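Breakdown of the fold
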Amino acid sequence: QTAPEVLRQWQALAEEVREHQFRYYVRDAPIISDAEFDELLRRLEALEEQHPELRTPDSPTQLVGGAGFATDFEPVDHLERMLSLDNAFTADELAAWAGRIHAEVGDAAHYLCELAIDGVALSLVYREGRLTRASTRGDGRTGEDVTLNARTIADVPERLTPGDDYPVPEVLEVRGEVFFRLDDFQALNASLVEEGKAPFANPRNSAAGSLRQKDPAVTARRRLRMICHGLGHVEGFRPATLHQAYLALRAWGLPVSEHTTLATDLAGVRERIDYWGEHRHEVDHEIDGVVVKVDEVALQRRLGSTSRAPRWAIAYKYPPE
Ligand SMILES: NC(=O)c1ccc[n+]([C@@H]2O[C@H](COP(=O)(O)O)[C@@H](O)[C@H]2O)c1
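Residues numbered from 1 in each chain as written, not as in the entry; some residues may be left out. Heavy atoms only, no water. Residues with missing side-chain atoms left out of burial classes, pairs and counts.

- Structure determination for this PDB entry was carried out by X-ray crystallography, with a resolution of 2.5000 Å recorded in the header.

- The name the PDB entry gives the protein chain is DNA ligase A, with Mycobacterium tuberculosis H37Rv as the organism.

Observations concerning the overall build of the protein chain
- The number of helices and strands found in the protein chain is 10 helices and 11 strands.
- Dimensions of the protein chain, computed from C-alpha atoms along their principal axes, come out at roughly 70 × 50 × 35 Å.
- Contacts in the protein chain between residues far apart in sequence, at least 24 positions, make up 76% of those at least 6 positions apart. (Helix = DSSP H or I, 4+ residues; strand = E, 2+ residues; numbered from the N terminus. Contact = heavy atoms within 4.5 Å.)

Things to note about the sheet that holds strand β8 (residues 225-234)
- If you walk across this open sheet you meet the four strands as β5-β4-β7-β8, and the pairing is antiparallel. In this open sheet, the two strands that pair with only one neighbour each are β5 (133-136) and β8. Taking the axes of each pair of neighbouring strands and ignoring which way they run, one obtains an average angle of 25° across the sheet.
- Taken together, the six bridges between strand β4 (residues 120-125) and strand β7 (residues 172-179) define a ladder with antiparallel strand orientation. Within the sheet, the bridge partner assigned to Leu124 lies in β7 and is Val174.
- Helix-sheet contacts for helix α6 (residues 203-211) involve β4 and β7, and the interaxial angle to β4 is about 40°. (Pairing = 2+ DSSP bridges. Axes fitted to C-alpha atoms, helices over the stretch in contact; angles between N-to-C directions.)

A short note on the pairing of strand β11 (residues 313-317)
- In this sheet, β11 lies alongside strand β2 (residues 86-88) in parallel orientation, the contact comprising three bridges. Its bridge partner being in β11, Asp86 is matched across the sheet by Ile314.
- Bridge count for strand β10 (residues 287-294) against β11 is five bridges, and the pairing is antiparallel. Bridge pairing in β11 links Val291 to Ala315.

Section: the domain arrangement of the protein chain
- Segmenting the protein chain into domains produces domain 1 (1-70) and domain 2 (71-321).
- Here the C-alpha centre of domain 2 lies 35 Å away from the C-alpha centre of domain 1.
- Tallying the contact residues gives seven residues for domain 1 and 12 residues for domain 2.
- When the residues that make up the side of domain 1 that touches domain 2 are grouped by side-chain class, the tally is four nonpolar, no polar and three charged. (Domains from an automatic or database assignment. Nonpolar A, V, L, I, M, F, W, Y, C, P; charged D, E, K, R; others polar.)

Examining the side chain of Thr241
- Positionally, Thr241 belongs in the loop between β8 and α8 (242-251).
- Here the side chain of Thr241 touches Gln244 through a polar contact of 3.2 Å, landing on its backbone nitrogen.
- Leaving out residues up to four positions away in the same chain, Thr241 has contacts with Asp295, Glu296 and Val297. (Polar contact = N/O pair within 3.5 Å; in protein donor to acceptor, adjacent residues only side chain to side chain.)

Brief notes about the packing of helix α1 (residues 4-27) against helix α2 (residues 34-50)
- At their nearest, the axes of α1 and α2 sit 10 Å apart, and the two run at 140° to each other. Put simply, α1 runs oblique to α2. Crossing handedness for the pair α1 and α2: left-handed. Together, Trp10, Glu16, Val17, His20, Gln21 and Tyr24 of α1 and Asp34, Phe37, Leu40 and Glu48 of α2 make up the contact between the two elements.
- Tallied by class, the residues present in the contact of α1 with α2 amount to five nonpolar, two polar and three charged. (Parallel < 35°, antiparallel > 145°, perpendicular 65-115°, else oblique. Left-handed = near helix turned anticlockwise from the far one by under 90°.)

Notes on helix α3 (residues 91-104)
- If you check α3, its first and last C-alpha atoms are 20 Å apart, about what 14 residues at 1.5 Å a residue would give, namely 20 Å.
- Residue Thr90 occupies the N-cap position of α3, its side-chain oxygen lying 3.2 Å from the main-chain nitrogen of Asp92.
- Positioned one or two residues after α3, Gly106 has a phi angle of 100°, which is positive. (Expected span 1.5 Å × (residues − 1).)

A few points about the pattern of salt bridges
- Here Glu19 and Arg23 are joined by a salt bridge, their closest N and O atoms 3.4 Å apart. Here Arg23 and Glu19 lie together in helix α1, a separation of four residues that amounts to about one turn.
- Across the pair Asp184 and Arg225 runs a salt bridge whose closest N-O atoms are separated by 3.4 Å. Of this pair, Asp184 sits in helix α5 (residues 182-194) while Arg225 sits in strand β8, and the two are 41 residues apart along the sequence. (Salt bridge = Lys/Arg side-chain N within 4 Å of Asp/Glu carboxyl O.)

Observations concerning the packing of aromatic side chains
- Ring geometry for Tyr275 against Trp276: centres 5.1 Å apart, planes inclined by 85°, an arrangement best described as edge-to-face.
- A cation over a ring is seen here: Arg18 above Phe69, with NZ or CZ 3.8 Å from the ring centre.
- The ring of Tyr275 has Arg272 lying over it, and the distance from NZ or CZ to the ring centre is 4.2 Å. (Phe/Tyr/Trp six-rings, centres within 6.5 Å; stacked < 30°, edge-to-face > 60°. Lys NZ or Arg CZ within 6 Å of the ring centre and 35° of its normal.)

Details of the sheet that holds β10
- Reading across the sheet, the five strands line up as β2-β11-β10-β3-β9 and stay open at both edges, with mixed pairing between neighbours. The sheet is open, and its two borders are formed by β2 and β9 (261-263), each paired with just one other strand. Adjacent strand axes in the sheet meet at a mean angle of 35°, parallel and antiparallel pairs treated alike.
- Where α3 meets the sheet, its contacts fall on β2, β3 (111-117), β10 and β11, and the angle it forms with β11 comes to roughly 165°.
- Sheet strands in contact with helix α9 (residues 266-279) are β3, β9, β10 and β11, and its direction is about 20° off that of β3.

So, in structure tokens, the structure goes:
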């Protein structure tokens, strides 16, 4: 029937051609010359001539030549429970979250502080260094499939950057947040009203809408941003602490925020919360809060996580004006 090498060659070539189709048509940004693409396409068709078994309706060469890229928001499973975080709006609410941690975890706590972005939660699963799937939060177990749209974001790399320091992991799930910069938010709104479309009330809604598009070409045009702030199921990584895990993401080419600091005790946490209270509007995107998490992975595990929220993290949300 088909030889092992026959199938290997075909899948390899189909995948390469399929991907270039995505960049040229969907993202409108090809990474190879058109002439080269023509070479690849011919070879694919040649192979399909050679072997008619492989010719299928889903093949790049036959029945999806023009365009077969759509997003149907199919439910997809998250590798790890991705739960929403508990919120803390007062210093007093802080306090319980502060002491309780010290009761269970003890004195070797070391809380990580990160700015809280107000956009849409996005989960990426980056198997063998390739982006296999992007999905929304949903109910925490399963979410909608917006992989195609996630591939168009400038900030989201398709492939991980290999290096000796941080070897590319096997199966890697990295959570993050998609958002718009204030300037771009206004810009997109202007473009929208220019073409008769209704503008968005805020950047959160604007980003959510721009991501949730049935046709990913639409999302490719908008300047969505991304910042990775969490790790889901990871294989072959074993990052000791959360902050150390961030170096890994950095080495792999993933977007990370530059306003993350480590606070040894509650007092350090309070400073950051206070500081970002006066300076949070200086940032180019919407920051509604400060996120505090126990940095040590091993310690985190002990504290565990409740039915719908982690016990090792809490988000301080600044009061609305
Ligand atoms: N630069 C790329 O990655 C890439 C990918 C797919 C198609 N293409 C070009 O798209 C064009 C579509 O028009 P034709 O149907 O006349 O080929 C082709 O000429 C092909 O070279 C370019």
